[PDB]
$ cat entry-v1.pdb   # PDB, C-alpha atoms
ATOM      1  CA  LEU S  25     -14.214   7.614  19.228
ATOM      2  CA  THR S  26     -11.482   9.491  17.350
ATOM      3  CA  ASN S  27      -8.243  10.342  19.172
ATOM      4  CA  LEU S  28      -9.633   9.436  22.569
ATOM      5  CA  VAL S  29      -5.956   9.513  23.626
ATOM      6  CA  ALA S  30      -3.581  12.112  22.178
ATOM      7  CA  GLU S  31      -0.224  10.915  20.829
ATOM      8  CA  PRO S  32       2.891  13.018  20.009
ATOM      9  CA  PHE S  33       2.738  12.775  16.231
ATOM     10  CA  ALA S  34       3.649  16.462  15.907
ATOM     11  CA  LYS S  35       6.965  15.999  17.708
ATOM     12  CA  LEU S  36       7.659  12.912  15.584
ATOM     13  CA  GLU S  37       7.109  14.671  12.247
ATOM     14  CA  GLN S  38       9.080  17.702  13.432
ATOM     15  CA  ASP S  39      12.103  15.557  14.267
ATOM     16  CA  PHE S  40      11.651  13.898  10.865
ATOM     17  CA  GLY S  41      11.545  17.299   9.172
ATOM     18  CA  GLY S  42       8.303  16.792   7.291
ATOM     19  CA  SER S  43       4.709  15.660   7.522
ATOM     20  CA  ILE S  44       3.321  12.336   8.743
ATOM     21  CA  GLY S  45      -0.209  11.181   8.002
ATOM     22  CA  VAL S  46      -1.796   8.396  10.020
ATOM     23  CA  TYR S  47      -5.195   6.734  10.097
ATOM     24  CA  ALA S  48      -5.744   3.604  12.163
ATOM     25  CA  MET S  49      -9.053   1.866  12.815
ATOM     26  CA  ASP S  50      -9.921  -0.720  15.460
ATOM     27  CA  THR S  51     -12.432  -2.828  13.526
ATOM     28  CA  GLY S  52     -14.019  -4.123  16.726
ATOM     29  CA  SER S  53     -15.142  -0.908  18.382
ATOM     30  CA  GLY S  54     -14.717   1.485  15.458
ATOM     31  CA  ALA S  55     -12.292   3.641  17.447
ATOM     32  CA  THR S  56      -9.739   5.523  15.346
ATOM     33  CA  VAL S  57      -6.437   7.364  15.578
ATOM     34  CA  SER S  59      -6.181  10.161  13.034
ATOM     35  CA  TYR S  60      -3.379  12.634  12.286
ATOM     36  CA  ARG S  61      -3.278  14.577   9.005
ATOM     37  CA  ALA S  62      -5.539  11.746   7.880
ATOM     38  CA  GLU S  63      -7.380  13.633   5.105
ATOM     39  CA  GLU S  64      -4.280  15.221   3.572
ATOM     40  CA  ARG S  65      -3.034  13.869   0.260
ATOM     41  CA  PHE S  66       0.272  12.020   0.161
ATOM     42  CA  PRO S  67       1.960  10.322  -2.808
ATOM     43  CA  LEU S  68       1.070   6.651  -3.155
ATOM     44  CA  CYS S  69       4.470   5.669  -4.571
ATOM     45  CA  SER S  70       4.591   1.874  -4.993
ATOM     46  CA  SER S  71       1.771   1.427  -2.443
ATOM     47  CA  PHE S  72      -0.605   1.564  -5.425
ATOM     48  CA  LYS S  73       0.545  -1.963  -6.327
ATOM     49  CA  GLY S  74      -1.409  -3.516  -3.455
ATOM     50  CA  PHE S  75      -4.677  -2.028  -4.697
ATOM     51  CA  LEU S  76      -3.659  -3.075  -8.224
ATOM     52  CA  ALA S  77      -3.494  -6.711  -7.087
ATOM     53  CA  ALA S  78      -6.888  -6.323  -5.412
ATOM     54  CA  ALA S  79      -8.321  -4.968  -8.665
ATOM     55  CA  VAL S  80      -6.937  -7.999 -10.530
ATOM     56  CA  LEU S  81      -8.553 -10.282  -7.972
ATOM     57  CA  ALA S  82     -11.860  -8.461  -8.373
ATOM     58  CA  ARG S  83     -11.725  -9.019 -12.127
ATOM     59  CA  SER S  84     -10.895 -12.694 -11.587
ATOM     60  CA  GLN S  85     -14.294 -13.160  -9.926
ATOM     61  CA  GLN S  86     -15.853 -12.647 -13.366
ATOM     62  CA  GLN S  87     -12.954 -14.132 -15.412
ATOM     63  CA  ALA S  88     -12.450 -17.651 -14.073
ATOM     64  CA  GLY S  89      -9.169 -18.324 -15.871
ATOM     65  CA  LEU S  90      -7.576 -14.901 -15.421
ATOM     66  CA  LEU S  91      -5.157 -15.667 -12.594
ATOM     67  CA  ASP S  92      -3.652 -18.671 -14.407
ATOM     68  CA  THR S  93      -3.261 -16.847 -17.718
ATOM     69  CA  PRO S  94       0.391 -16.906 -18.872
ATOM     70  CA  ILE S  95       1.838 -13.486 -19.708
ATOM     71  CA  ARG S  96       4.961 -13.182 -21.838
ATOM     72  CA  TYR S  97       6.992  -9.991 -22.025
ATOM     73  CA  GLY S  98      10.082  -8.601 -23.684
ATOM     74  CA  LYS S  99      13.263  -7.188 -22.235
ATOM     75  CA  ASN S 100      11.816  -3.721 -22.907
ATOM     76  CA  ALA S 101       9.302  -4.372 -20.101
ATOM     77  CA  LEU S 102      11.994  -4.941 -17.439
ATOM     78  CA  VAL S 103      12.332  -1.558 -15.751
ATOM     79  CA  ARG S 104      14.526  -0.986 -12.704
ATOM     80  CA  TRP S 105      13.629  -3.058  -9.621
ATOM     81  CA  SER S 106      11.911  -6.041 -11.210
ATOM     82  CA  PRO S 107      13.516  -8.690  -8.989
ATOM     83  CA  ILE S 108      11.026 -11.471  -9.754
ATOM     84  CA  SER S 109       9.980 -10.803 -13.357
ATOM     85  CA  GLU S 110      13.622 -10.534 -14.488
ATOM     86  CA  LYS S 111      14.049 -14.213 -13.515
ATOM     87  CA  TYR S 112      11.148 -15.244 -15.800
ATOM     88  CA  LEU S 113      11.897 -13.010 -18.817
ATOM     89  CA  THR S 114      12.586 -16.076 -20.962
ATOM     90  CA  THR S 115       9.534 -18.023 -19.776
ATOM     91  CA  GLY S 116       6.709 -15.647 -18.860
ATOM     92  CA  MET S 117       4.689 -15.629 -15.617
ATOM     93  CA  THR S 118       1.024 -16.017 -14.789
ATOM     94  CA  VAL S 119      -1.215 -13.101 -13.811
ATOM     95  CA  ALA S 120      -1.312 -14.488 -10.262
ATOM     96  CA  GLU S 121       2.501 -14.671 -10.152
ATOM     97  CA  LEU S 122       2.792 -11.116 -11.463
ATOM     98  CA  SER S 123       0.306  -9.955  -8.834
ATOM     99  CA  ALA S 124       2.217 -11.679  -6.041
ATOM    100  CA  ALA S 125       5.477 -10.146  -7.276
ATOM    101  CA  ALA S 126       3.949  -6.665  -7.467
ATOM    102  CA  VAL S 127       2.700  -6.954  -3.868
ATOM    103  CA  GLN S 128       5.522  -8.878  -2.209
ATOM    104  CA  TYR S 129       8.600  -7.518  -4.017
ATOM    105  CA  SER S 130       7.156  -4.260  -5.371
ATOM    106  CA  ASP S 131       8.122  -5.629  -8.790
ATOM    107  CA  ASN S 132       7.896  -2.804 -11.319
ATOM    108  CA  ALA S 133       7.666  -4.764 -14.557
ATOM    109  CA  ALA S 134       4.938  -6.948 -13.018
ATOM    110  CA  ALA S 135       3.000  -3.893 -11.880
ATOM    111  CA  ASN S 136       3.245  -2.265 -15.316
ATOM    112  CA  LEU S 137       1.982  -5.391 -17.066
ATOM    113  CA  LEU S 138      -0.956  -5.644 -14.680
ATOM    114  CA  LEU S 139      -1.735  -1.925 -14.945
ATOM    115  CA  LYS S 140      -1.942  -2.371 -18.715
ATOM    116  CA  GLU S 141      -4.339  -5.291 -18.224
ATOM    117  CA  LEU S 142      -6.667  -3.120 -16.103
ATOM    118  CA  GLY S 143      -6.729  -0.203 -18.555
ATOM    119  CA  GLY S 144      -3.989   1.892 -17.006
ATOM    120  CA  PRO S 145      -4.122   4.443 -14.212
ATOM    121  CA  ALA S 146      -7.737   5.343 -15.002
ATOM    122  CA  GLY S 147      -8.764   1.685 -14.769
ATOM    123  CA  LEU S 148      -7.267   1.255 -11.320
ATOM    124  CA  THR S 149      -8.855   4.535 -10.236
ATOM    125  CA  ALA S 150     -12.190   3.226 -11.548
ATOM    126  CA  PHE S 151     -11.798   0.081  -9.464
ATOM    127  CA  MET S 152     -11.214   2.179  -6.358
ATOM    128  CA  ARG S 153     -14.292   4.279  -7.152
ATOM    129  CA  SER S 154     -16.273   1.025  -7.462
ATOM    130  CA  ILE S 155     -15.546   0.198  -3.786
ATOM    131  CA  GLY S 156     -16.547   3.699  -2.667
ATOM    132  CA  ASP S 157     -13.123   5.363  -2.533
ATOM    133  CA  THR S 158     -13.528   8.879  -3.940
ATOM    134  CA  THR S 159     -10.050  10.071  -2.876
ATOM    135  CA  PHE S 160      -7.612   7.695  -4.560
ATOM    136  CA  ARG S 161      -6.243   8.766  -7.906
ATOM    137  CA  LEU S 162      -3.635   7.104 -10.106
ATOM    138  CA  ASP S 163      -2.695   9.328 -13.022
ATOM    139  CA  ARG S 164       0.637   8.144 -14.395
ATOM    140  CA  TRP S 165       2.559   4.978 -15.130
ATOM    141  CA  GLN S 166       5.761   3.891 -13.460
ATOM    142  CA  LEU S 167       7.998   5.448 -12.622
ATOM    143  CA  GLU S 168       6.870   9.002 -13.336
ATOM    144  CA  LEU S 169       4.194   8.486 -10.661
ATOM    145  CA  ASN S 170       6.951   8.584  -8.009
ATOM    146  CA  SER S 171       7.872  12.269  -8.545
ATOM    147  CA  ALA S 172       6.265  13.222  -5.173
ATOM    148  CA  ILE S 173       6.107  16.919  -6.128
ATOM    149  CA  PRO S 174       4.836  19.135  -3.284
ATOM    150  CA  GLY S 175       1.237  20.150  -3.875
ATOM    151  CA  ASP S 176       0.740  17.772  -6.820
ATOM    152  CA  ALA S 177      -2.430  15.709  -6.372
ATOM    153  CA  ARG S 178      -1.559  13.221  -9.143
ATOM    154  CA  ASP S 179      -0.923   9.692  -7.883
ATOM    155  CA  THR S 180      -2.036  10.434  -4.331
ATOM    156  CA  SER S 181      -4.546   9.376  -1.749
ATOM    157  CA  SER S 182      -5.121  10.107   1.932
ATOM    158  CA  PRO S 183      -4.195   7.854   4.867
ATOM    159  CA  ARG S 184      -7.875   7.692   5.766
ATOM    160  CA  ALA S 185      -9.050   6.562   2.314
ATOM    161  CA  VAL S 186      -6.195   4.037   2.073
ATOM    162  CA  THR S 187      -7.210   2.528   5.408
ATOM    163  CA  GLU S 188     -10.910   2.572   4.574
ATOM    164  CA  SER S 189     -10.302   0.851   1.251
ATOM    165  CA  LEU S 190      -7.851  -1.648   2.749
ATOM    166  CA  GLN S 191     -10.475  -2.591   5.335
ATOM    167  CA  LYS S 192     -13.120  -3.128   2.653
ATOM    168  CA  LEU S 193     -10.808  -5.347   0.618
ATOM    169  CA  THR S 194      -9.220  -7.447   3.385
ATOM    170  CA  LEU S 195     -12.019  -7.691   5.961
ATOM    171  CA  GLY S 196     -15.165  -6.326   4.308
ATOM    172  CA  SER S 197     -17.234  -7.442   1.342
ATOM    173  CA  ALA S 198     -15.486  -5.650  -1.537
ATOM    174  CA  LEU S 199     -13.961  -8.964  -2.683
ATOM    175  CA  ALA S 200     -15.517 -12.415  -2.609
ATOM    176  CA  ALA S 201     -14.215 -14.607   0.193
ATOM    177  CA  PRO S 202     -11.607 -16.630  -1.771
ATOM    178  CA  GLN S 203     -10.222 -13.508  -3.427
ATOM    179  CA  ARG S 204     -10.240 -11.661  -0.096
ATOM    180  CA  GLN S 205      -8.125 -14.350   1.538
ATOM    181  CA  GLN S 206      -5.745 -14.408  -1.449
ATOM    182  CA  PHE S 207      -5.284 -10.639  -1.122
ATOM    183  CA  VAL S 208      -4.593 -11.096   2.599
ATOM    184  CA  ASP S 209      -2.125 -13.913   1.878
ATOM    185  CA  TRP S 210      -0.204 -11.785  -0.616
ATOM    186  CA  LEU S 211       0.020  -8.946   1.893
ATOM    187  CA  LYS S 212       1.142 -11.352   4.623
ATOM    188  CA  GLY S 213       3.902 -12.543   2.312
ATOM    189  CA  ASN S 214       5.301  -9.081   1.626
ATOM    190  CA  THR S 215       9.111  -8.937   1.902
ATOM    191  CA  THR S 216       9.714  -5.173   1.725
ATOM    192  CA  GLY S 217       8.136  -3.916   4.943
ATOM    193  CA  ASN S 218      10.104  -5.488   7.782
ATOM    194  CA  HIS S 219      11.291  -2.068   9.015
ATOM    195  CA  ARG S 220       7.945  -0.228   8.770
ATOM    196  CA  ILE S 221       4.581  -1.128  10.378
ATOM    197  CA  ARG S 222       5.796  -4.710  10.995
ATOM    198  CA  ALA S 223       8.587  -3.365  13.214
ATOM    199  CA  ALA S 224       5.876  -2.106  15.603
ATOM    200  CA  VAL S 225       3.882  -5.378  15.590
ATOM    201  CA  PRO S 226       4.731  -8.208  18.023
ATOM    202  CA  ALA S 227       6.049 -11.333  16.341
ATOM    203  CA  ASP S 228       3.132 -13.469  17.590
ATOM    204  CA  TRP S 229       0.548 -11.408  15.667
ATOM    205  CA  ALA S 230      -0.396 -11.905  12.028
ATOM    206  CA  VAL S 231       0.217  -8.943   9.728
ATOM    207  CA  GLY S 232       0.164  -8.090   6.043
ATOM    208  CA  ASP S 233       1.328  -4.887   4.430
ATOM    209  CA  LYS S 234       2.295  -3.013   1.274
ATOM    210  CA  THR S 235       5.060  -0.394   1.219
ATOM    211  CA  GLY S 236       5.694   2.572  -1.023
ATOM    212  CA  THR S 237       8.924   4.551  -1.464
ATOM    213  CA  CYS S 238       9.100   7.442  -3.900
ATOM    214  CA  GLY S 239      12.785   8.360  -3.711
ATOM    215  CA  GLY S 240      12.361  12.109  -3.363
ATOM    216  CA  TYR S 241      10.841  14.593  -0.945
ATOM    217  CA  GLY S 242      11.123  12.308   2.088
ATOM    218  CA  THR S 243       8.153  10.412   0.711
ATOM    219  CA  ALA S 244       7.507   6.818   1.789
ATOM    220  CA  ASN S 245       4.637   4.891   3.312
ATOM    221  CA  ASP S 246       3.149   1.594   4.437
ATOM    222  CA  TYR S 247      -0.356   0.264   5.019
ATOM    223  CA  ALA S 248      -1.245  -2.874   6.891
ATOM    224  CA  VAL S 249      -3.863  -5.120   8.409
ATOM    225  CA  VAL S 250      -2.810  -6.451  11.823
ATOM    226  CA  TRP S 251      -4.436  -9.279  13.802
ATOM    227  CA  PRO S 252      -3.578  -8.876  17.509
ATOM    228  CA  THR S 254      -4.472 -12.074  19.282
ATOM    229  CA  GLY S 255      -7.696 -12.086  21.251
ATOM    230  CA  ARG S 256      -9.269  -8.986  19.691
ATOM    231  CA  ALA S 257     -10.517  -7.611  16.384
ATOM    232  CA  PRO S 258      -8.029  -6.677  13.649
ATOM    233  CA  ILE S 259      -6.554  -3.207  13.184
ATOM    234  CA  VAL S 260      -6.205  -1.529   9.769
ATOM    235  CA  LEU S 261      -3.751   1.347   9.468
ATOM    236  CA  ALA S 262      -1.872   3.553   7.044
ATOM    237  CA  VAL S 263       1.223   5.706   7.589
ATOM    238  CA  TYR S 264       2.373   8.116   4.851
ATOM    239  CA  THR S 265       5.202  10.648   4.926
ATOM    240  CA  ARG S 266       6.482  13.529   2.821
ATOM    241  CA  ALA S 267       8.928  16.394   3.312
ATOM    242  CA  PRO S 268       9.497  19.791   1.703
ATOM    243  CA  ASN S 269      12.848  19.407  -0.088
ATOM    244  CA  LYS S 270      13.592  17.129  -3.020
ATOM    245  CA  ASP S 271      16.728  15.773  -1.314
ATOM    246  CA  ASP S 272      15.056  15.091   2.047
ATOM    247  CA  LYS S 273      15.449  11.415   2.915
ATOM    248  CA  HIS S 274      12.582   9.143   3.853
ATOM    249  CA  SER S 275      12.757   7.223   7.131
ATOM    250  CA  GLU S 276      11.556   3.702   7.818
ATOM    251  CA  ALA S 277      12.100   4.268  11.555
ATOM    252  CA  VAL S 278       9.665   7.201  11.520
ATOM    253  CA  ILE S 279       7.011   4.995   9.900
ATOM    254  CA  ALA S 280       7.483   2.269  12.527
ATOM    255  CA  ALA S 281       7.399   4.871  15.287
ATOM    256  CA  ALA S 282       4.167   6.354  13.952
ATOM    257  CA  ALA S 283       2.646   2.872  13.836
ATOM    258  CA  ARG S 284       3.618   2.300  17.477
ATOM    259  CA  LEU S 285       1.913   5.577  18.425
ATOM    260  CA  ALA S 286      -1.202   4.538  16.498
ATOM    261  CA  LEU S 287      -1.447   1.210  18.327
ATOM    262  CA  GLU S 288      -0.841   2.970  21.651
ATOM    263  CA  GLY S 289      -3.575   5.501  20.867
ATOM    264  CA  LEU S 290      -5.993   2.637  20.145
ATOM    265  CA  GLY S 291      -5.143   0.957  23.454
ATOM    266  CA  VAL S 292      -3.752  -2.134  21.711
ATOM    267  CA  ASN S 293      -1.121  -3.608  24.021
ATOM    268  CA  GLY S 294       1.970  -4.302  21.924
TER     269      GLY S 294
END
$ encode --input "entry-v1.pdb" --output "structure tokens"
Amino acid sequence: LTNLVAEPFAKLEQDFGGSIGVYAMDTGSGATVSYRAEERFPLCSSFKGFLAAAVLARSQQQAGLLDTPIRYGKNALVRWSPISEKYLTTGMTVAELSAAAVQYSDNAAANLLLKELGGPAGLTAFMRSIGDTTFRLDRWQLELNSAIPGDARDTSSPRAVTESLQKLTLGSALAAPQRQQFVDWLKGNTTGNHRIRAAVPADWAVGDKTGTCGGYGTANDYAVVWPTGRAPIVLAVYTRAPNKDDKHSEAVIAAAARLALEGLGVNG
């Protein structure tokens, strides 16, 4: 049930000047679209979605975790912390930091939560605990965004991202309340309007998390999409390119998502 219908991903990545990796699963039938799906691509900020899921998983055993107030100093405010900079003088709760990390890609929030989980190895351990043997986080922000060609640090594959996203948003990896909270945070993301969402009709529900590394044409998005009248679709689109100065493209990500939905026979 893989690639029952061929789609011109090769022409798309060639026009882009790099590599595009796509894995999309129709959770009803199990049919998939797969292109470079087992190659590694840099996670960039897309790790922050799985970080929030790991926090939610811990909150199942720590009843008061999400409401715990976290205070931080100016030293914690790294570039692009649009929410946490507004609460420097007050603090924020773990839940608020998690929402900011998912919905605004807030860097200070993500760093504080990463510290809570035991750093890159702790997030990697959480992903192993749901059966993901591909994901690896190795560095803190923002060194993890280097996107060096051939470097496996801070990477996963489109397939493993999709498989893990399915487990966390639709499967049993989180308890039901935490699952729906993860979904709600993804639905509330503000940074992905020009990526997978741009391929999704306005009358369908969707949640996503973006990543943008800032070198080597490297950017990505993963999403769960609820077309009306049929089972949800989970998909991941990751890009990279050979030269440090190559620019990423949101349009290429949206276009790859359209091809994935077309390949699955989802009328959009």
$ resolve_selection --input "entry-v1.pdb" --expression "the PyMOL selection byres ((chain S and resi 179-192) around 6)" --output "ChimeraX atom specification"
/S:46-47,62-68,159-163,169,177-178,193-196,198,261-262
$ resolve_selection --input "entry-v1.pdb" --expression "the PyMOL selection byres ((chain S and resi 283) around 8)" --output "list in words"
residues 220, 221, 224, 261, 263, 279, 280, 281, 282, 284, 285, 286 and 287 of chain S
$ closest_residue --input "entry-v1.pdb" --among "S:76, S:277, S:126, S:267" --to "residue 38 in chain S" --atoms "all atoms listed in the file"
S:267
$ residues_around --input "entry-v1.pdb" --residues "residue 34 in chain S" --least-positions-apart "3" --cutoff "10 Å" --atoms "only C-alpha atoms" --output "short mmCIF file (atom, residue, chain, number, x, y, z; two decimals) with C-alpha atoms, keeping the file's coordinate frame"
data_model
loop_
_atom_site.label_atom_id
_atom_site.label_comp_id
_atom_site.auth_asym_id
_atom_site.auth_seq_id
_atom_site.Cartn_x
_atom_site.Cartn_y
_atom_site.Cartn_z
CA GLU S 31 -0.22 10.92 20.83
CA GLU S 37 7.11 14.67 12.25
CA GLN S 38 9.08 17.70 13.43
CA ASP S 39 12.10 15.56 14.27
CA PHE S 40 11.65 13.90 10.86
CA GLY S 42 8.30 16.79 7.29
CA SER S 43 4.71 15.66 7.52
CA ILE S 44 3.32 12.34 8.74
CA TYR S 60 -3.38 12.63 12.29
CA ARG S 61 -3.28 14.58 9.01
#
$ atom_distance --input "entry-v1.pdb" --atom1 "CA of residue 246 in chain S" --atom2 "CA of residue 90 in chain S"
28.0 Å
$ atom_distance --input "entry-v1.pdb" --atom1 "CA of residue 118 in chain S" --atom2 "CA of residue 96 in chain S"
8.6 Å
$ build_atoms --input "entry-v1.pdb" --residues "range 266-292 of chain S" --atoms "N, CA and C atoms" --output "PDB file, keeping the file's coordinate frame"
ATOM      1  N   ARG S 266       5.889  12.695   3.854  1.00  0.00           N
ATOM      2  CA  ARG S 266       6.482  13.529   2.821  1.00  0.00           C
ATOM      3  C   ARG S 266       7.275  14.614   3.532  1.00  0.00           C
ATOM      4  N   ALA S 267       8.063  15.360   2.756  1.00  0.00           N
ATOM      5  CA  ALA S 267       8.928  16.394   3.312  1.00  0.00           C
ATOM      6  C   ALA S 267       9.152  17.466   2.257  1.00  0.00           C
ATOM      7  N   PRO S 268       9.548  18.669   2.653  1.00  0.00           N
ATOM      8  CA  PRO S 268       9.497  19.791   1.703  1.00  0.00           C
ATOM      9  C   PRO S 268      10.551  19.848   0.613  1.00  0.00           C
ATOM     10  N   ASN S 269      11.734  19.281   0.842  1.00  0.00           N
ATOM     11  CA  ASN S 269      12.848  19.407  -0.088  1.00  0.00           C
ATOM     12  C   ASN S 269      13.071  18.128  -0.875  1.00  0.00           C
ATOM     13  N   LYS S 270      13.434  18.287  -2.151  1.00  0.00           N
ATOM     14  CA  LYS S 270      13.592  17.129  -3.020  1.00  0.00           C
ATOM     15  C   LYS S 270      14.582  16.129  -2.437  1.00  0.00           C
ATOM     16  N   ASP S 271      15.670  16.622  -1.842  1.00  0.00           N
ATOM     17  CA  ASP S 271      16.728  15.773  -1.314  1.00  0.00           C
ATOM     18  C   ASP S 271      16.446  15.231   0.081  1.00  0.00           C
ATOM     19  N   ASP S 272      15.346  15.624   0.720  1.00  0.00           N
ATOM     20  CA  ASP S 272      15.056  15.091   2.047  1.00  0.00           C
ATOM     21  C   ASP S 272      14.911  13.576   1.961  1.00  0.00           C
ATOM     22  N   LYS S 273      15.489  12.872   2.930  1.00  0.00           N
ATOM     23  CA  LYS S 273      15.449  11.415   2.915  1.00  0.00           C
ATOM     24  C   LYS S 273      14.207  10.905   3.629  1.00  0.00           C
ATOM     25  N   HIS S 274      13.641   9.814   3.121  1.00  0.00           N
ATOM     26  CA  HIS S 274      12.582   9.143   3.853  1.00  0.00           C
ATOM     27  C   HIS S 274      13.183   8.395   5.040  1.00  0.00           C
ATOM     28  N   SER S 275      12.314   7.944   5.945  1.00  0.00           N
ATOM     29  CA  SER S 275      12.757   7.223   7.131  1.00  0.00           C
ATOM     30  C   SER S 275      11.814   6.065   7.414  1.00  0.00           C
ATOM     31  N   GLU S 276      12.359   4.844   7.396  1.00  0.00           N
ATOM     32  CA  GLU S 276      11.556   3.702   7.818  1.00  0.00           C
ATOM     33  C   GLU S 276      11.287   3.757   9.315  1.00  0.00           C
ATOM     34  N   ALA S 277      12.276   4.191  10.105  1.00  0.00           N
ATOM     35  CA  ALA S 277      12.100   4.268  11.555  1.00  0.00           C
ATOM     36  C   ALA S 277      10.940   5.183  11.935  1.00  0.00           C
ATOM     37  N   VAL S 278      10.779   6.301  11.225  1.00  0.00           N
ATOM     38  CA  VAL S 278       9.665   7.201  11.520  1.00  0.00           C
ATOM     39  C   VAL S 278       8.330   6.514  11.247  1.00  0.00           C
ATOM     40  N   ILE S 279       8.253   5.718  10.180  1.00  0.00           N
ATOM     41  CA  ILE S 279       7.011   4.995   9.900  1.00  0.00           C
ATOM     42  C   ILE S 279       6.695   3.994  11.009  1.00  0.00           C
ATOM     43  N   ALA S 280       7.694   3.212  11.426  1.00  0.00           N
ATOM     44  CA  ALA S 280       7.483   2.269  12.527  1.00  0.00           C
ATOM     45  C   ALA S 280       7.078   2.994  13.802  1.00  0.00           C
ATOM     46  N   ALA S 281       7.714   4.127  14.076  1.00  0.00           N
ATOM     47  CA  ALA S 281       7.399   4.871  15.287  1.00  0.00           C
ATOM     48  C   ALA S 281       5.977   5.412  15.253  1.00  0.00           C
ATOM     49  N   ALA S 282       5.535   5.871  14.084  1.00  0.00           N
ATOM     50  CA  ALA S 282       4.167   6.354  13.952  1.00  0.00           C
ATOM     51  C   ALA S 282       3.168   5.220  14.127  1.00  0.00           C
ATOM     52  N   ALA S 283       3.507   4.030  13.634  1.00  0.00           N
ATOM     53  CA  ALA S 283       2.646   2.872  13.836  1.00  0.00           C
ATOM     54  C   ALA S 283       2.541   2.507  15.311  1.00  0.00           C
ATOM     55  N   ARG S 284       3.664   2.566  16.040  1.00  0.00           N
ATOM     56  CA  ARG S 284       3.618   2.300  17.477  1.00  0.00           C
ATOM     57  C   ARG S 284       2.674   3.288  18.160  1.00  0.00           C
ATOM     58  N   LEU S 285       2.798   4.578  17.824  1.00  0.00           N
ATOM     59  CA  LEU S 285       1.913   5.577  18.425  1.00  0.00           C
ATOM     60  C   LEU S 285       0.455   5.291  18.092  1.00  0.00           C
ATOM     61  N   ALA S 286       0.177   4.842  16.866  1.00  0.00           N
ATOM     62  CA  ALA S 286      -1.202   4.538  16.498  1.00  0.00           C
ATOM     63  C   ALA S 286      -1.756   3.401  17.348  1.00  0.00           C
ATOM     64  N   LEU S 287      -0.976   2.327  17.511  1.00  0.00           N
ATOM     65  CA  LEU S 287      -1.447   1.210  18.327  1.00  0.00           C
ATOM     66  C   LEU S 287      -1.623   1.633  19.783  1.00  0.00           C
ATOM     67  N   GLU S 288      -0.689   2.432  20.302  1.00  0.00           N
ATOM     68  CA  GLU S 288      -0.841   2.970  21.651  1.00  0.00           C
ATOM     69  C   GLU S 288      -2.113   3.797  21.781  1.00  0.00           C
ATOM     70  N   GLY S 289      -2.379   4.668  20.803  1.00  0.00           N
ATOM     71  CA  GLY S 289      -3.575   5.501  20.867  1.00  0.00           C
ATOM     72  C   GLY S 289      -4.854   4.690  20.857  1.00  0.00           C
ATOM     73  N   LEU S 290      -4.843   3.534  20.177  1.00  0.00           N
ATOM     74  CA  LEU S 290      -5.993   2.637  20.145  1.00  0.00           C
ATOM     75  C   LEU S 290      -6.089   1.756  21.390  1.00  0.00           C
ATOM     76  N   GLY S 291      -5.103   1.805  22.286  1.00  0.00           N
ATOM     77  CA  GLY S 291      -5.143   0.957  23.454  1.00  0.00           C
ATOM     78  C   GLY S 291      -4.832  -0.495  23.168  1.00  0.00           C
ATOM     79  N   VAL S 292      -4.145  -0.773  22.064  1.00  0.00           N
ATOM     80  CA  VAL S 292      -3.752  -2.134  21.711  1.00  0.00           C
ATOM     81  C   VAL S 292      -2.400  -2.387  22.354  1.00  0.00           C
TER      82      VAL S 292
END
